[PDB]
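Reviewing the structure listed below.
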Amino acid sequence: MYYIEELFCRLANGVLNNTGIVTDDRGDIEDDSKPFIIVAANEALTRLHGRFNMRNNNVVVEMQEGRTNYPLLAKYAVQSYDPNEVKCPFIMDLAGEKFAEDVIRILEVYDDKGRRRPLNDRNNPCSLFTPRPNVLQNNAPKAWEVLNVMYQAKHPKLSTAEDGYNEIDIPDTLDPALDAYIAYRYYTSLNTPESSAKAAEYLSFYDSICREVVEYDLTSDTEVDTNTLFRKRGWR
Amino acid sequence: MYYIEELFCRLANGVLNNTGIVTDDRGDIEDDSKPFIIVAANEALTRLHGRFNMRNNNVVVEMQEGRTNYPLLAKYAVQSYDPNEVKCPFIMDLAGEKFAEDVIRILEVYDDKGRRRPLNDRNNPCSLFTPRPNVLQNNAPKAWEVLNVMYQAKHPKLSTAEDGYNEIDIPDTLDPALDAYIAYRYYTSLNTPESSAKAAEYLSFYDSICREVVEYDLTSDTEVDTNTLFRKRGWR
Amino acid sequence: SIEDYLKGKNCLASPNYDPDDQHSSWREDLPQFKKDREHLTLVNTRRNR
Amino acid sequence: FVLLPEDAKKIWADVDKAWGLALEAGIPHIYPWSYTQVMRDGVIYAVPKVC
Amino acid sequence: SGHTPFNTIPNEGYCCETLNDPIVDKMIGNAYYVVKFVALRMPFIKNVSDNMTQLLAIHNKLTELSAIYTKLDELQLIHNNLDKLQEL
Amino acid sequence: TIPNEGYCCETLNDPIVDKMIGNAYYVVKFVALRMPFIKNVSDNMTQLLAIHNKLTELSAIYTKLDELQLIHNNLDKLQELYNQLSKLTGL
Amino acid sequence: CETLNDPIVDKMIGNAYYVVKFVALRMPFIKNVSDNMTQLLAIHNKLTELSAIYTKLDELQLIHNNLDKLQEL
Amino acid sequence: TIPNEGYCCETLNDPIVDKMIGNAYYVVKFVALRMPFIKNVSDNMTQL
């Protein structure tokens with residue numbers, strides 16, 4: 001829940017202390033070396049959010065008469081659409097946030113009437129398909145039809161361009177994993193044998209921390225639920 | 001329970017004697033290298049409190065009419081909220097206890113009437129969900145409804161800025177683990193072949209001490225309770 | 001401080017209370033006002049200044 | 001009183017204890033005995049280390 | 001482990017007790033002593049509050065009462081003899 | 001039939017709610033919100049005790065304010081160089 | 001099993017909660033008193049004068065209008 | 001009404017409580033708190 005400047009300071013004080021990237025007073029990263037750190041941080045956040053299933057997000061898609069493929073992009077969102085290019089958007093962002101393009105995997109799709117819609121089921125005619133990992137199909141659009149999509153989400157892009165996201169939202173147990181990944185990227189990029197050995201060390205540290213977090217289940221990844229098939233099958 | 005200055009003088013008179021950080025009298029760390037030690041100490045405390053399950057804390061959250069998502073952040077605490085940004089806070093604090101974000105895992109949630117609320121149960125309509133590790137969901141808020149959250153907590157943030165927490169609360173069997181972790185970080189950051197060899201030793205020492213403490217169960221981590229399923233199942 | 005225990009009221013009910021510092025039984029805090037005397041020590045003369 | 005400077009440490013520790021007792025009693029004014037001995041033995045006053 | 005303060009009525013095994021102290025400790029911590037101090041001497045507060053109307057009226061005349069008090073010794077002035085003389 | 005009952009609407013000056021007496025949390029927060037009044041009472045307890053002690057005397061005075069109002073107005077004329085009263089009795 | 005022991009001192013709901021409820025049910029008195037600290041401080045200030053007047057309350061009335069008329073008479 | 005019995009309110013000048021005589025800890029602490037009186041008596045035994 002801290003800004004990008006705190007990340008730059010924490011890198012200036014932790015790993016990357018001897019490196020020539022850091023300013024003279026050891027306060028913050030030098031200006032010309034910031035895009036490198038931003039790219040590395042984005043890659044690390046995507047890796048972690050793919051691994052751990054932290055964020056569960058929702059989006060609402062409204063159905064037009066002649067369209068069957070509904071890609072989930074920011075072009076068709078209310079808060080971000082360009083009136084000249086797209087006449088009518090089908091992704092609603094009225095309340096809050098801007099729906100950054102962060103669709104990794106689609107889990108559940110529910111109709112506007114409270115009825116579930118099967119995904120990727122060939123033998124069920126009333127099913128929804130995904131030709132691409134974020135594109136969604138419905139082959140029979142109807143009037144007054146709306147679908148709610150529950151999907152696994154990744155961290156929104158960090159840009160530091162006066163309009164991008166400054167905030168970093170990550171569990172406090174996984175800061176060292178992110179820092180280790182950034183250090184691995186840098187020391188691999190240096191292209192020397194000693195730096196290569198240091199990069200190997202940092203990558204191994206990243207893996208070990210992730211495996212520890214998996215062992216102790218600090219993100220509450222495991223889920224169970226009450227049995228419902230006992231009654232469906234007819235047992236007494 | 002001891003000050004931060006005791007930690008600085010223990011690191012000045014224990015490990016890190018032979019390094020150039022310490023002052024001439026070897027009684028304290030120089031002003032230039034205190035942020036580094038603070039960052040390392042916070043990382044070590046997060047590691048230990050994630051591993052061992054020492055602290056168990058509590059929050060009181062009351063439910064508003066139109067809210068279902070209740071992030072556990074200081075922006076919504078009574079002592080720390082901004083009146084113009086947030087109309088009404090929902091997390092109750094005290095002037096002495098201001099609720100720093102220290103939520104690792106949520107264990108139990110209890111109603112204001114003394115009845116337990118199932119957590120993350122898909123097949124139970126009257127259950128609470130956590131989309132994110134620090135966010136709660138209640139799909140049917142009601143009048144005069146308040147919830148108690150029983151969660152595992154981490155150590156408060158050390159800042160040494162006349163407003164941060166100076167003290168350290170840790171069992172006396174795990175001081176060498178913290179010192180070894182700090183030394184590991186410092187010796188890795190040097191980027192020389194000998195320093196890495198020393199850092200491997202320090203990290204292995206930290207691991208061995210943690211494993212020993214688990215082996216003898218000095219923190220009373222193991223918990224056992226009386227059997228109540230004997231009566232529920234109908235046995236005689 | 002056993003003598004202080006003997007010659008004391010030691011009654012919990014008191015009229016003094018600071019609203020700025022209200023806490024439960026959970027909170028433990030060391031005071032910021034450290035109390036420490038100054039002792040005589042000979043200068044090292046090995047640590048050249 | 002510190003004569004024969006090879007005996008400085010023990011006598012100055014005793015001076016510390018005596019000053020502690022005098023401060024406990026409440027005497028207003030306290031003197032180290034001499035300028036010569038103080039400058040010869042390099043006596044300085046500092047808070048003790050916490051460890 | 002720990003006991004949730006809102007976990008009142010845990011009395012599954014045996015009926016007695018409800019365990020309501022932890023909520024008091026959680027919300028009114030460090031300030032229970034002032035509450036008890038007021039509670040012990042509450043009859044005095046009740047008696048004082050019962051006579052609020054009057055105790056405000058004695059106030060609406062405090063300066064006048066002080067001015068009258070300044071002459072209390074002089075007020076008596078042995079009126080009997082002067083009354084007898086005036087009756088003539 | 002819009003509901004307005006909630007913890008947000010309540011302020012420190014509101015009275016108690018009879019239906020929520022059974023709820024322990026409601027009573028605890030009821031006492032917690034109104035700590036300024038209890039602190040004001042506690043700080044000035046000696047004055048209240050003295051007034052309670054003298055209430056038996058200050059209880060009567062109250063019946064006699066009306067007479068004292070006229071007596072206070074008369075006092076200025078009533079001074080009359082009190083030493084002259086002995087001479088007037090003599091004459 | 002049961003740790004209540006003496007019923008006269010120990011309450012089932014809880015000692016602290018019992019005191020808190022006792023204070024809560026009698027809040028109007030505390031509120032009425034607290035609203036008027038400024039007024040009851042003046043009476044405490046002038047308590048000595050009020051006590052002095054109380055001593056002469058029984059006398060010194062004398063239907064004093066009768067006395068002033070007698071002076072006029 | 002409001003109970004005000006406890007070990008904190010107890011002082012060395014208070015009399016014994018007949019209810020807690022059976023409690024061994026109460027008797028032991030009652031004797032322990034009032035040790036100055038016993039020491040004063042023992043010091044001046046010849047005079048007595």
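All residue names refer to the structure tokens as shown: chains lettered A, B, ... in order, residues numbered from 1 in each chain, ligands numbered from 1 in order.
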Exercise for review: First superpose chain B onto chain A using a least-squares fit over all Cα atoms taken in order; then report the RMSD in Å.
Suggested key: 0.8 Å
Practice item. Enumerate as a list in words all residues of chain D assigned to strand (DSSP E) by DSSP on the backbone, naming them with the chain letters and numbers the document uses. Key: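 After running DSSP on the backbone, chain D has strand (DSSP E) at residues 43, 44, 45 and 46 of chain D.
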Can those selected residues be exported to a file as a short mmCIF file (atom, residue, chain, number, x, y, z; two decimals), in the first residue's frame so that it contains C-alpha atoms?
```
data_model
loop_
_atom_site.label_atom_id
_atom_site.label_comp_id
_atom_site.auth_asym_id
_atom_site.auth_seq_id
_atom_site.Cartn_x
_atom_site.Cartn_y
_atom_site.Cartn_z
CA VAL D 43 38.82 11.49 33.48
CA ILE D 44 35.67 12.05 31.41
CA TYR D 45 31.98 11.61 32.22
CA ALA D 46 29.80 9.51 29.92
#
```
Point to revise | Contacts of region 71-77 of chain F at 12 Å (only C-alpha atoms; same-chain gap of 6+ positions) as a PyMOL selection string | key: (chain E and resi 61-72+74-75) or (chain F and resi 64-65) or (chain G and resi 60-69+71-72)
With only C-alpha atoms as the counted atoms, please give the residues lying no more than 12 Å from residue 82 (chain E), apart from itself and same-chain residues fewer than 6 positions off, as a PDB file with C-alpha atoms, in the first residue's frame.
```
ATOM      1  CA  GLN E  76     -29.853  43.457  63.349  1.00  0.00           C
ATOM      2  CA  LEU E  88     -44.665  57.101  70.568  1.00  0.00           C
TER       3      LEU E  88
ATOM      4  CA  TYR F  82     -26.057  52.976  61.934  1.00  0.00           C
ATOM      5  CA  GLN F  84     -27.330  57.321  64.590  1.00  0.00           C
ATOM      6  CA  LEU F  85     -29.689  54.533  65.685  1.00  0.00           C
ATOM      7  CA  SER F  86     -28.405  54.576  69.272  1.00  0.00           C
ATOM      8  CA  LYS F  87     -29.010  58.330  69.469  1.00  0.00           C
ATOM      9  CA  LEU F  88     -32.482  57.901  67.962  1.00  0.00           C
ATOM     10  CA  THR F  89     -33.284  55.301  70.625  1.00  0.00           C
ATOM     11  CA  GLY F  90     -31.972  57.729  73.237  1.00  0.00           C
ATOM     12  CA  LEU F  91     -34.106  60.577  71.887  1.00  0.00           C
TER      13      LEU F  91
ATOM     14  CA  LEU G  67     -39.196  47.813  60.348  1.00  0.00           C
ATOM     15  CA  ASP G  68     -38.688  50.160  57.394  1.00  0.00           C
ATOM     16  CA  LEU G  70     -41.628  51.922  61.475  1.00  0.00           C
ATOM     17  CA  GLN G  71     -38.609  54.041  60.559  1.00  0.00           C
ATOM     18  CA  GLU G  72     -40.906  55.957  58.207  1.00  0.00           C
ATOM     19  CA  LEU G  73     -43.613  55.969  60.901  1.00  0.00           C
TER      20      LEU G  73
END
```
Point to revise | Atomic distance CA of residue 59 (chain B) - CA of residue 22 (chain G), expressed in Å with one decimal | key: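 A separation of 26.4 Å between them.
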Exercise for review: Please return as a PyMOL selection string: the residues of region 8-184 of chain A that backbone DSSP assigns to helix (DSSP H, G or I).
Suggested key: chain A and resi 8-13+31-52+74-76+172-184
For the selection you just gave me, I'd like the residues written to a file as a tab-separated table (two decimals), in the first residue's frame, keeping C-alpha atoms.
```
chain	number	residue	atom	x	y	z
A	8	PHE	CA	13.02	3.02	-4.93
A	9	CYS	CA	14.27	3.96	-1.46
A	10	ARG	CA	13.99	0.38	-0.19
A	11	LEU	CA	16.05	-0.80	-3.15
A	12	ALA	CA	18.55	2.00	-2.57
A	13	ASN	CA	19.04	0.83	1.02
A	31	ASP	CA	16.80	9.08	-12.98
A	32	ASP	CA	18.15	7.36	-16.10
A	33	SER	CA	17.96	3.91	-14.47
A	34	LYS	CA	14.31	4.05	-13.38
A	35	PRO	CA	12.64	2.43	-16.45
A	36	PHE	CA	14.82	-0.64	-15.91
A	37	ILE	CA	13.55	-1.01	-12.34
A	38	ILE	CA	9.96	-0.39	-13.42
A	39	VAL	CA	10.12	-3.12	-16.07
A	40	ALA	CA	11.69	-5.56	-13.61
A	41	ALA	CA	9.05	-4.75	-10.97
A	42	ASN	CA	6.21	-5.30	-13.44
A	43	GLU	CA	7.66	-8.67	-14.44
A	44	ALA	CA	8.04	-9.74	-10.80
A	45	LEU	CA	4.49	-8.69	-9.92
A	46	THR	CA	3.09	-10.62	-12.88
A	47	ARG	CA	5.05	-13.71	-11.81
A	48	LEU	CA	3.81	-13.57	-8.21
A	49	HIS	CA	0.19	-12.83	-9.11
A	50	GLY	CA	0.20	-15.71	-11.58
A	51	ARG	CA	1.61	-18.08	-8.97
A	52	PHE	CA	-0.34	-17.27	-5.84
A	74	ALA	CA	-9.80	-0.95	-21.76
A	75	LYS	CA	-10.93	0.44	-25.14
A	76	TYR	CA	-14.50	-0.67	-24.43
A	172	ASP	CA	4.08	-7.83	3.31
A	173	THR	CA	5.51	-11.36	3.38
A	174	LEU	CA	6.43	-11.20	-0.32
A	175	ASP	CA	8.46	-7.99	-0.51
A	176	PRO	CA	11.80	-9.90	-0.36
A	177	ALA	CA	10.69	-12.06	-3.29
A	178	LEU	CA	10.08	-8.96	-5.42
A	179	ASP	CA	13.39	-7.41	-4.39
A	180	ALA	CA	15.23	-10.67	-5.10
A	181	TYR	CA	13.71	-10.87	-8.57
A	182	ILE	CA	14.73	-7.28	-9.37
A	183	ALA	CA	18.27	-7.93	-8.13
A	184	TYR	CA	18.44	-11.11	-10.21
```
Review point. Hey, what's within 8 Å of region 111-126 of chain A if we count only C-alpha atoms and toss same-chain stuff fewer than 2 positions away? As a list in words, please?
Key: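 Answer for this query is residues 108, 109, 128, 129, 130, 145, 146, 147 and 148 of chain A.
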Exercise for review: Identify every residue of chain G that has at least one atom within 8 Å of any atom of chain E, counting only C-alpha atoms, and report the result as a count of residues only.
Suggested key: 31
Exercise for review: Determine, counting only C-alpha atoms, which protein, DNA and RNA residues have an atom within 9 Å of an atom of region 15-31 of chain C; residues of the same chain fewer than 4 positions away are not included. Present the result as a PyMOL selection string.
Suggested key: (chain B and resi 1-3+57+94-97+165-167) or (chain E and resi 25-31+33-34+37-38) or (chain F and resi 39+42-43+45)
Give me a file of those residues, with C-alpha atoms, as a compact mmCIF listing (two decimals), in the first residue's frame.
```txt
# COMPACT_ATOMS: atom_id res chain seq x y z
CA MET B 1 11.32 -6.05 25.52
CA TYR B 2 14.13 -3.59 24.80
CA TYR B 3 14.84 -0.39 22.90
CA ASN B 57 -4.47 -9.75 17.72
CA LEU B 94 -7.96 3.87 20.72
CA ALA B 95 -5.76 6.93 21.14
CA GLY B 96 -2.97 4.65 22.36
CA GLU B 97 -3.53 1.77 19.91
CA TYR B 165 7.93 2.18 17.69
CA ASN B 166 11.32 1.96 19.38
CA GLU B 167 10.72 -1.29 21.26
CA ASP E 25 -11.14 -4.24 28.30
CA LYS E 26 -11.07 -3.75 24.52
CA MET E 27 -13.11 -0.55 24.28
CA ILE E 28 -12.99 1.09 27.73
CA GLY E 29 -9.46 -0.04 28.60
CA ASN E 30 -7.39 2.10 30.97
CA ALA E 31 -10.53 4.17 31.64
CA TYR E 33 -11.02 3.11 36.93
CA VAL E 34 -12.63 6.52 36.36
CA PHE E 37 -14.66 6.05 40.81
CA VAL E 38 -17.81 7.78 39.59
CA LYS F 39 -14.20 12.99 33.34
CA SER F 42 -14.51 13.05 38.31
CA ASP F 43 -12.23 16.10 38.14
CA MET F 45 -15.63 15.61 42.88
```
Each chain A residue no farther than 8 Å from chain B, nearest pair in Å, only C-alpha atoms, as JSON lines:
```
{"residue": "A:10", "atom": "CA", "partner": "B:39", "partner_atom": "CA", "distance": 7.5}
{"residue": "A:13", "atom": "CA", "partner": "B:36", "partner_atom": "CA", "distance": 5.3}
{"residue": "A:14", "atom": "CA", "partner": "B:36", "partner_atom": "CA", "distance": 6.2}
{"residue": "A:15", "atom": "CA", "partner": "B:189", "partner_atom": "CA", "distance": 6.0}
{"residue": "A:16", "atom": "CA", "partner": "B:189", "partner_atom": "CA", "distance": 7.2}
{"residue": "A:17", "atom": "CA", "partner": "B:189", "partner_atom": "CA", "distance": 6.5}
{"residue": "A:18", "atom": "CA", "partner": "B:190", "partner_atom": "CA", "distance": 6.7}
{"residue": "A:54", "atom": "CA", "partner": "B:132", "partner_atom": "CA", "distance": 5.9}
{"residue": "A:55", "atom": "CA", "partner": "B:132", "partner_atom": "CA", "distance": 5.6}
{"residue": "A:56", "atom": "CA", "partner": "B:131", "partner_atom": "CA", "distance": 5.4}
{"residue": "A:57", "atom": "CA", "partner": "B:131", "partner_atom": "CA", "distance": 7.7}
{"residue": "A:171", "atom": "CA", "partner": "B:133", "partner_atom": "CA", "distance": 7.5}
{"residue": "A:172", "atom": "CA", "partner": "B:46", "partner_atom": "CA", "distance": 7.6}
{"residue": "A:173", "atom": "CA", "partner": "B:46", "partner_atom": "CA", "distance": 6.5}
{"residue": "A:176", "atom": "CA", "partner": "B:43", "partner_atom": "CA", "distance": 7.6}
{"residue": "A:198", "atom": "CA", "partner": "B:191", "partner_atom": "CA", "distance": 7.8}
{"residue": "A:216", "atom": "CA", "partner": "B:51", "partner_atom": "CA", "distance": 7.2}
{"residue": "A:218", "atom": "CA", "partner": "B:105", "partner_atom": "CA", "distance": 6.1}
{"residue": "A:219", "atom": "CA", "partner": "B:133", "partner_atom": "CA", "distance": 6.1}
{"residue": "A:220", "atom": "CA", "partner": "B:105", "partner_atom": "CA", "distance": 7.1}
{"residue": "A:223", "atom": "CA", "partner": "B:120", "partner_atom": "CA", "distance": 7.2}
{"residue": "A:224", "atom": "CA", "partner": "B:121", "partner_atom": "CA", "distance": 6.8}
{"residue": "A:225", "atom": "CA", "partner": "B:121", "partner_atom": "CA", "distance": 5.1}
{"residue": "A:226", "atom": "CA", "partner": "B:123", "partner_atom": "CA", "distance": 6.1}
{"residue": "A:227", "atom": "CA", "partner": "B:123", "partner_atom": "CA", "distance": 8.0}
{"residue": "A:228", "atom": "CA", "partner": "B:123", "partner_atom": "CA", "distance": 7.5}
```
Using N, CA, C and O atoms, can you write the selected residues to a file as an mmCIF file, in the first residue's frame?
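Result written to selection_14.cif:
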```cif
data_model
loop_
_atom_site.group_PDB
_atom_site.id
_atom_site.type_symbol
_atom_site.label_atom_id
_atom_site.label_comp_id
_atom_site.auth_asym_id
_atom_site.auth_seq_id
_atom_site.Cartn_x
_atom_site.Cartn_y
_atom_site.Cartn_z
ATOM 1 N N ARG A 10 13.712 1.683 -0.772
ATOM 2 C CA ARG A 10 13.992 0.379 -0.186
ATOM 3 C C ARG A 10 15.017 -0.388 -1.008
ATOM 4 O O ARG A 10 15.820 -1.148 -0.458
ATOM 5 N N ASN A 13 18.459 1.125 -0.292
ATOM 6 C CA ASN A 13 19.038 0.828 1.016
ATOM 7 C C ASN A 13 19.328 -0.658 1.191
ATOM 8 O O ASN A 13 20.210 -1.032 1.971
ATOM 9 N N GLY A 14 18.609 -1.521 0.482
ATOM 10 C CA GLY A 14 18.775 -2.952 0.662
ATOM 11 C C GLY A 14 19.763 -3.575 -0.301
ATOM 12 O O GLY A 14 20.966 -3.316 -0.218
ATOM 13 N N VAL A 15 19.266 -4.414 -1.212
ATOM 14 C CA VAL A 15 20.093 -4.906 -2.306
ATOM 15 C C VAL A 15 20.474 -3.732 -3.194
ATOM 16 O O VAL A 15 19.985 -2.615 -3.007
ATOM 17 N N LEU A 16 21.402 -3.959 -4.122
ATOM 18 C CA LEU A 16 21.815 -2.913 -5.054
ATOM 19 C C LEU A 16 22.480 -1.748 -4.334
ATOM 20 O O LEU A 16 22.434 -0.612 -4.814
ATOM 21 N N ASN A 17 23.092 -2.009 -3.179
ATOM 22 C CA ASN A 17 23.697 -0.922 -2.418
ATOM 23 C C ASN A 17 25.047 -0.514 -2.999
ATOM 24 O O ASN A 17 25.357 0.680 -3.078
ATOM 25 N N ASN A 18 25.868 -1.486 -3.410
ATOM 26 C CA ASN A 18 27.178 -1.159 -3.969
ATOM 27 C C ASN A 18 27.089 -0.664 -5.404
ATOM 28 O O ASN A 18 28.016 -0.005 -5.887
ATOM 29 N N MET A 54 -3.792 -14.213 -5.595
ATOM 30 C CA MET A 54 -4.088 -13.262 -4.528
ATOM 31 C C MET A 54 -5.383 -12.511 -4.797
ATOM 32 O O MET A 54 -6.264 -12.450 -3.932
ATOM 33 N N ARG A 55 -5.510 -11.931 -5.986
ATOM 34 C CA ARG A 55 -6.583 -11.007 -6.322
ATOM 35 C C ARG A 55 -7.697 -11.744 -7.049
ATOM 36 O O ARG A 55 -7.435 -12.502 -7.985
ATOM 37 N N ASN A 56 -8.932 -11.518 -6.616
ATOM 38 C CA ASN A 56 -10.113 -11.985 -7.326
ATOM 39 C C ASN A 56 -10.975 -10.777 -7.656
ATOM 40 O O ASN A 56 -11.476 -10.105 -6.749
ATOM 41 N N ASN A 57 -11.152 -10.508 -8.944
ATOM 42 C CA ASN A 57 -11.829 -9.306 -9.400
ATOM 43 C C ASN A 57 -13.049 -9.681 -10.224
ATOM 44 O O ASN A 57 -13.216 -10.827 -10.643
ATOM 45 N N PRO A 171 1.133 -8.511 -0.407
ATOM 46 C CA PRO A 171 1.291 -8.921 0.991
ATOM 47 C C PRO A 171 2.701 -8.651 1.488
ATOM 48 O O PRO A 171 3.682 -8.789 0.756
ATOM 49 N N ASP A 172 2.793 -8.258 2.759
ATOM 50 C CA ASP A 172 4.076 -7.834 3.312
ATOM 51 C C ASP A 172 5.068 -8.985 3.423
ATOM 52 O O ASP A 172 6.265 -8.751 3.621
ATOM 53 N N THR A 173 4.600 -10.229 3.308
ATOM 54 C CA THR A 173 5.515 -11.362 3.383
ATOM 55 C C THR A 173 6.292 -11.553 2.088
ATOM 56 O O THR A 173 7.321 -12.236 2.081
ATOM 57 N N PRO A 176 10.472 -9.380 0.005
ATOM 58 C CA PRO A 176 11.802 -9.898 -0.357
ATOM 59 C C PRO A 176 11.820 -10.686 -1.653
ATOM 60 O O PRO A 176 12.836 -10.671 -2.351
ATOM 61 N N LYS A 198 26.013 -14.119 -8.466
ATOM 62 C CA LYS A 198 25.118 -13.393 -7.567
ATOM 63 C C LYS A 198 23.668 -13.483 -8.037
ATOM 64 O O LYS A 198 22.745 -13.609 -7.221
ATOM 65 N N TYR A 216 3.576 -22.610 4.499
ATOM 66 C CA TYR A 216 2.853 -22.122 5.669
ATOM 67 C C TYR A 216 1.496 -21.526 5.331
ATOM 68 O O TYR A 216 0.756 -21.161 6.248
ATOM 69 N N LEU A 218 0.353 -18.692 3.991
ATOM 70 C CA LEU A 218 0.139 -17.366 4.561
ATOM 71 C C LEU A 218 -0.865 -16.552 3.757
ATOM 72 O O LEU A 218 -1.448 -15.598 4.283
ATOM 73 N N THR A 219 -1.079 -16.898 2.491
ATOM 74 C CA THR A 219 -2.052 -16.195 1.665
ATOM 75 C C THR A 219 -3.422 -16.859 1.671
ATOM 76 O O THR A 219 -4.301 -16.431 0.917
ATOM 77 N N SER A 220 -3.620 -17.888 2.498
ATOM 78 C CA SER A 220 -4.897 -18.599 2.595
ATOM 79 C C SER A 220 -5.342 -19.124 1.234
ATOM 80 O O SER A 220 -6.507 -19.008 0.853
ATOM 81 N N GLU A 223 -8.588 -23.887 -0.083
ATOM 82 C CA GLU A 223 -10.010 -23.684 0.148
ATOM 83 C C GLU A 223 -10.703 -25.030 0.280
ATOM 84 O O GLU A 223 -10.310 -26.002 -0.372
ATOM 85 N N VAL A 224 -11.722 -25.085 1.134
ATOM 86 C CA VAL A 224 -12.617 -26.228 1.242
ATOM 87 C C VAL A 224 -14.036 -25.697 1.354
ATOM 88 O O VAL A 224 -14.254 -24.499 1.559
ATOM 89 N N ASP A 225 -15.008 -26.594 1.214
ATOM 90 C CA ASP A 225 -16.412 -26.223 1.288
ATOM 91 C C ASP A 225 -17.230 -27.420 1.756
ATOM 92 O O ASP A 225 -16.772 -28.564 1.724
ATOM 93 N N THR A 226 -18.451 -27.141 2.206
ATOM 94 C CA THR A 226 -19.336 -28.201 2.665
ATOM 95 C C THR A 226 -19.772 -29.077 1.496
ATOM 96 O O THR A 226 -19.923 -28.611 0.365
ATOM 97 N N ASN A 227 -19.974 -30.359 1.782
ATOM 98 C CA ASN A 227 -20.318 -31.320 0.744
ATOM 99 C C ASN A 227 -21.749 -31.098 0.272
ATOM 100 O O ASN A 227 -22.674 -30.999 1.084
ATOM 101 N N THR A 228 -21.928 -31.020 -1.047
ATOM 102 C CA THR A 228 -23.242 -30.842 -1.641
ATOM 103 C C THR A 228 -23.684 -32.010 -2.508
ATOM 104 O O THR A 228 -24.868 -32.089 -2.847
#
```
Point to revise | Residues of chain D within 12 Å of chain C, counting only C-alpha atoms, as a ChimeraX atom specification | key: /D:8-20,23-24,32,37-50
Considering only C-alpha atoms, tabulate each residue of chain F that lies at most 12 Å from chain B along with its nearest interatomic pair and the corresponding distance in Å to one decimal; arrange the rows by chain and ascending residue number and present them as CSV.
```
residue,atom,partner,partner_atom,distance
F:2,CA,B:65,CA,11.9
F:3,CA,B:143,CA,8.6
F:4,CA,B:143,CA,9.0
F:5,CA,B:143,CA,6.6
F:6,CA,B:143,CA,5.8
F:7,CA,B:144,CA,6.6
F:8,CA,B:88,CA,7.3
F:9,CA,B:88,CA,10.1
F:10,CA,B:144,CA,11.3
F:17,CA,B:144,CA,11.9
F:19,CA,B:144,CA,11.3
F:20,CA,B:144,CA,9.0
F:22,CA,B:113,CA,10.0
F:23,CA,B:113,CA,7.4
F:24,CA,B:112,CA,8.6
F:25,CA,B:112,CA,7.1
F:26,CA,B:144,CA,8.6
F:29,CA,B:92,CA,10.5
F:32,CA,B:94,CA,10.6
F:33,CA,B:94,CA,11.7
```
Revision key, fill the gap. What separates CA of residue 2 (chain D) and CA of residue 31 (chain D) is a distance of 14.1 Å
Give me, as a CSV table (one decimal) with C-alpha atoms, in the first residue's frame, all polymer residues having an atom no more than 10 Å from residue 16 (chain H), counting only C-alpha atoms and skipping those fewer than 6 positions away in the same chain.
```csv
chain,number,residue,atom,x,y,z
H,10,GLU,CA,-6.4,-3.9,51.6
H,26,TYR,CA,-4.9,-15.0,52.5
H,27,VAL,CA,-3.6,-15.9,56.0
H,30,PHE,CA,-2.0,-11.2,56.0
```
